[PDB]
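S.K.: Okay, structure incoming, though there's no sequence with it:
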Ligand SMILES: [Fe+3]
Ligand SMILES: [Fe+3]
Ligand SMILES: [Mg+2]
Ligand SMILES: [Mg+2]
């Protein structure tokens, strides 16, 4: 079994490091004064970057891999996506959900993602997707720790037996309580749904992740209730507000007032760059707003924010390979976090900040933690992001669970020359 | 007594039709293969259009015919209208209300309107106008089925004994419960007033028609509560949201979310083109918004919407002859429903859609229904609208109750020539 990771670079640290492994955990981390020789039981990072696993804080595995079945969304709109999904209803079975969820999970394993939070639609009396996902969670456990959010897609108060189904999902084992206040029939139902959501989370000791204000409506301010209730219950760490795209459209004075509460509450925020840029701003003609939440300002204020892929190869987002560096690339551009340091520190948005959002207790390259880490063939976060590098090795419990042999590019000039896209 | 209506054109149908009458009802409707000869007991539509009666879904008969008494509204503003009305207070008596209401009702009978819903101000401890209108309703019954809305003009919670007076109006026989949430002192009073309105409608088994969001305020969203409460009680068919002019100013994202609820709720919408274009947009300088609700989008979404005249010859609207084709003409222009089909189908906005809004159970040219129909001297809806044709004949219970001999225009060129404005 592997005993050491050598010649490792670490974010924010100078030089090379050696990570000692014992009994599936990191026993010690020591600096090196030079390059160490390879040997049996040593995994050579080759001066590449070693980081804790990538995290997917927000994805919908119940709808993944269904784009084009039976027809393609040709307009690319949300409306048509709903219709295309409805045409596939006859194929939505227990086995179908498991098969598609596993397909995307395999892409995630290949992409060094060892933690995934999936939302599952529970506005279905049969809870078909949920039952399937609970089995998938057990099956994929050796490679990925999967959290399941009971997501009442059609609303809690605006759908028949919505609250009862949400609670049933928790009784069956869902890890997180979801909600969608802006989709409820009225603002009052929206606020009330949040009180019910928090009551359920406290009753069952579960986390909370609300699809919050995902709409270009400057009056959609459910985020203040999410933050206020979290602060009241002293449970900010266990709470997440996903999307909050409406915040992109708030006036600055209200946003400034709100930010004080957001910081005090300690809640987490998830932005989904690939889907937000695609689905937001659809009611604008020109100019067209970007529609991503205030990521830059959150970072400047010390508010925890991270990035999710949201959807992969489905009616609402036809693209994706479940790659977090790709999600990060889109977010840095749309949020204008393009300074060198902002880009370099970007890795935090798909690693540490996301681990905090999932309330993970065993995460990070530190003595005592499980030996879960990945190796990127790049010098730092900036380099990894610029070159969209693959994951050279993914290690879990001190064992390699994924590896990618890099592509080899050659140009034939007066003489053949290898191209690695580095200067 | 009349036995048949011959040579009739019907909207959306090809050719000519014969409508057989018996015992005040339509016994059968048969297609003709050519023009039928006239004869005793046959009313010849002369290839004109036959439709069920025009409907006035929203008018204020308690204030009608008072413009210029004792003074004229010179600015044309809402503010001055209130002052001009106040100067006439000494003339507001039982007999005065009946006289003016009857004057407009006669214009409506002449204009082929057999169904009228009038709002009556019940923010008056003496309920003078209501008592008068209840007598008018009985008196005009042979010609018009009049519905009375108990309209709490000064608010339910914002006026002394407002709720008690609203209920008293229902106990006296008002057919519909009214409300005006945006006029209440606070948003909270607005929402609460709607709960009270729905409770009264269920307690007395009455319809509901709310003066809803008649204001250029993008934050006036009482329509979502009207729709949500209707959906909750499963009574959409009995509910109407009048005006909703604020919807003209909503952002598109919220409107899209709202529309799902509007469709699911099944409630009705009334737009009042002549008054809305006049009174809305008054706080804008330039550019100036139109201020009519989203009629085109409602039609595209299958949401029932129709047109009312609102006011006739009073301080708030000095014009009008209570003519529905004139109301329709204004609405088609302001709502940009100017395609041929949109204009031709326009008749639905002042006939069938309005009948649905009034929850009428005996309406339409169909076997078994009462023989209530009107004949327009035009080829179709487009032609009737373009030429603003009068009602040639109005038939109720199988008897003619109104008729108009068309004007005769002649131009004297090298020879006299009759002009009918057709090409
Ligand atoms: Fe989502
Ligand atoms: Fe009115
Ligand atoms: Mg989504
Ligand atoms: Mg009015």
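M.R.: Thanks, I have it. Numbering: from 1, shown residues only, chains lettered A, B, ... in the order given. Ligands and ions are numbered 1, 2, ... in the order given.
S.K.: Next, the closest residue to chain B within the stretch 51-200 of chain A: phi, psi?
M.R.: Closest to chain B within the stretch 51-200 of chain A is residue A:185: 4.1 Å, counting by Cβ to the nearest Cβ. C-beta here means a position set from N, CA and C on the backbone, and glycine is covered the same way. Residue A:185 adopts backbone torsions of phi -60, psi -40, taken as degrees, to the nearest 10.
S.K.: Enumerate every residue touching it.
M.R.: A:155, A:157-158, B:224, B:227-228, B:231, B:261 (Cβ atoms under 8 Å, 6 or more residues apart in numbering or on different chains).
S.K.: so of those residues, which ones are in helices?
M.R.: Among those, DSSP state H puts B:224, B:227-228, B:231, B:261 in helices.
S.K.: Most neighbours among the residues you listed, which one is it?
M.R.: residue B:227 (28 neighbours; other Cβ atoms under 10 Å in any protein chain shown).
S.K.: if we can go back for a sec, any figure for the gap between the residue of the stretch 51-200 of chain A closest to chain B and residue A:387?
M.R.: Computed as Cβ to Cβ, to the nearest Å, the residue A:185 to residue A:387 distance reads 48 Å.
S.K.: Likewise for residue A:224?
M.R.: Taking Cβ to Cβ, one finds residue A:224 at 41 Å from residue A:387.
S.K.: again, but for residue A:360
M.R.: For residue A:360, the distance to residue A:387 equals 28 Å [Cβ to Cβ].
S.K.: cool, and residue A:209?
M.R.: Applying Cβ to Cβ, the value for residue A:209 to residue A:387 is 32 Å.
S.K.: Compare those two and say which is more crowded by neighbours.
M.R.: A direct count of neighbours by other Cβ under 10 Å for residue A:209 and residue A:387 places residue A:209 higher, at 31 against 16.
S.K.: so who does residue A:400 touch?
M.R.: Counting by Cβ under 8 Å, 6+ apart, residue A:400 makes contact with A:2, A:43, A:393-394.
S.K.: Wait, a strand at residue A:241?
M.R.: Yes - with DSSP: H, G, I helix; E, B strand; the rest coil as the criterion, residue A:241 is located in a strand.
S.K.: hang on, isn't it packed against residue A:269?
M.R.: Yes - in this structure, residue A:241 is within contact of residue A:269 by Cβ atoms under 8 Å, at 5.5 Å.
S.K.: Now do the same for whatever residue of chain A ends up closest to chain B: helix, strand or coil?
M.R.: Closest to chain B within chain A is residue A:283: 3.0 Å, counting by Cβ to the nearest Cβ. Three-state call for residue A:283 (three-state DSSP): coil.
S.K.: in terms of contact, does it touch residue B:254 like I think?
M.R.: No - using Cβ under 8 Å, residue A:283 makes no contact with residue B:254, being 9.1 Å away.
S.K.: If we look just around chain B, which residues of the stretch 151-300 of chain A are in range?
M.R.: Counting by Cβ under 8 Å from any Cβ of the partner chain, the stretch 151-300 of chain A comes close to chain B at A:158, A:182-183, A:185-189, A:215-220, A:282-284.
S.K.: Nearest residue to the residue of the stretch 51-200 of chain A closest to chain B in space, please, no chain neighbours.
M.R.: Nearest-residue entry for residue A:185: residue B:228, 4.1 Å, with adjacent residues in sequence omitted and distances by Cβ to Cβ, 6 or more residues apart in numbering or on different chains.
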